[PDB]
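Structure 1 and structure 2 below are the same protein chain in two forms, each given by itself as structure tokens.
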Structure 1
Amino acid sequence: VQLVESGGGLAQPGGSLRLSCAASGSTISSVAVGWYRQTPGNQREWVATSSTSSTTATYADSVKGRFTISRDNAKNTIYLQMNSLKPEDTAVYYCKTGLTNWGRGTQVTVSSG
């Protein structure tokens, strides 16, 4: 089971972006998948964890009410919907489970230009 991030890009403050975490090798319908983020020279952080059958999704304090994790089982993909973007959301975003690599991640840049 491997996970590939995409969908990151440039946004303005207040903007929206949806990140994708595409699974291969197995199905992620039943497993908790985490989103994490990091800026160079700073600590990696937890962002959110998807629901399971026995658990609801959870979110880091700084993103509560702004981000939403969702799944598309048919596409074997986990999303991170981002809204109300802030310059401090600028980071490389990674999806992972305890059994996967961190991955290449996807870069998000929230900028005034």
Structure 2
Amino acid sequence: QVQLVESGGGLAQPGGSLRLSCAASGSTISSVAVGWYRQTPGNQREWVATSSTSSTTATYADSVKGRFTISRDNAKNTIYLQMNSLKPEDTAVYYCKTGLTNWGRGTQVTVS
């Protein structure tokens, strides 16, 4: 069992960067593919990217491919989503997830 906590959210300007954090407690996520999702007002949580694992490379939705980067910090039992070249349409609440339903609490990202 793993509790996921997002942070790093806040407001950025168009063209700016934010680094989001998904910190896990309980057990380790060192070996677990961790997904990032975003939810705009009135829509469903939508897949953005998944972290690497021992056997797989990081994966990205084409809407963020090249702009977003997922990295790991095993020592802090944490996954980072580096969000560069932000657009207003990147505005959303961002969630990390493991398994089918183990959502974090989500963090709001606002691009003016």
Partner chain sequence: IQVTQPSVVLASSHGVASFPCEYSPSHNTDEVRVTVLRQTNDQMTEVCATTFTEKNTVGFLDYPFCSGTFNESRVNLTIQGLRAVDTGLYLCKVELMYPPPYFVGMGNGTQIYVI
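FYI, numbering is relative to structure 1, first residue = 1. Definition used throughout: the rigid core is the maximal C-alpha set that superposes within 1.5 Å between two forms. Shifts are known only where both forms have a C-alpha.
Structure 1 is taken from the form deposited without its partner chain, while structure 2 is not. Comparing the forms between structures 1 and 2, the C-alpha position of residue 101 differs by 2 angstroms or more, with the core used for superposition. Aligning the rigid core between structures 1 and 2 leaves the CA of residue 60 offset by 0.4 Å. Overlaying the rigid core between structures 1 and 2 leaves the Cα of residue 40 displaced by 1.5 angstrom. After superposing on the rigid core, the one stretch of 3 or more consecutive residues whose C-alphas move by 2 Å or more between structures 1 and 2 is 99 to 101.
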